[PDB]
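For reference, the structure discussed in these notes is given below.
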Amino acid sequence: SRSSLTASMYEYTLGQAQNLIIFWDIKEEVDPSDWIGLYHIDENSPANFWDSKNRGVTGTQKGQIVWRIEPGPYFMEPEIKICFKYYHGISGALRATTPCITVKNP
């Protein structure tokens with residue numbers, strides 16, 4: 001079994017009761033420098049200084065963080081394509097990623 005980063009749903013409409021939970025299940029022995037970064041699917045710098053998961057992803061192998069996708073400065077488009085990315089802090093090596101999540105803005 002390999003390291004995985006899955007999500008409750010890969011499509012979220014803004015202003016719904018249904019929230020998006022991010023389930024990470026990493027088989028690698030994790031470092032306390034690990035994190036999940038929330039970046040827009042954008043043809044730009046692969047650093048993509050963007051949103052992220054805070055405390056709770058601080059080098060934990062497996063767990064979940066539920067999050068309300070609210071229409072803020074990050075969510076301006078009619079359909080915001082985002083992706084969560086669990087990086088292993090050592091070398092900043094991408095350990096796991098979610099499919100491109102379609103955040104729809106009605």
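How things are named: the first chain in the structure tokens is A, the next is B, and so on; residues count from 1 in each chain; ligands count from 1 in the order shown.
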
10 Å contact set for segment 63-73 of chain A, only C-alpha atoms, chain neighbours under 6 positions out, as a ChimeraX atom specification: /A:5-8,12-26,53-57,103-105

DSSP strand (DSSP E) selection over chain A, as number ranges by chain: A: 4-7, 11-13, 20-25, 35-40, 51-52, 62-67, 79-88, 93-97, 101-104

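Here the question is which of A:76, A:9, A:82, A:94 gets nearest to residue 39 of chain A using only C-alpha atoms, and that residue is A:82.
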
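A straight line drawn from atom CA of residue 91 of chain A to atom CA of residue 10 of chain A is 27.9 Å long.
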
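Taking atom CA of residue 87 of chain A and atom CA of residue 27 of chain A as endpoints, the distance between them is 13.0 Å.
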
Surrounding residues of residue 81 of chain A excluding itself and chain neighbours under 6 positions, 8 Å, only C-alpha atoms, as a list in words: residues 40, 41, 100, 101, 102 and 103 of chain A

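Using only C-alpha atoms, the shortest contact distance between residue 36 of chain A and any of A:1, A:106, A:61, A:74 is found at A:61.
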
Within 8 Å of residue 60 of chain A using only C-alpha atoms, minus same-chain residues under 4 positions, as an mmCIF file with C-alpha atoms, in the first residue's frame:
```
data_model
loop_
_atom_site.group_PDB
_atom_site.id
_atom_site.type_symbol
_atom_site.label_atom_id
_atom_site.label_comp_id
_atom_site.auth_asym_id
_atom_site.auth_seq_id
_atom_site.Cartn_x
_atom_site.Cartn_y
_atom_site.Cartn_z
ATOM 1 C CA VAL A 30 6.329 11.067 8.385
ATOM 2 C CA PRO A 32 6.975 16.827 11.850
ATOM 3 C CA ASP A 34 5.130 17.538 6.701
ATOM 4 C CA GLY A 56 -3.325 18.572 12.340
#
```

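The interatomic distance for the pair atom CA of residue 59 of chain A and atom CA of residue 75 of chain A works out to 27.4 Å.
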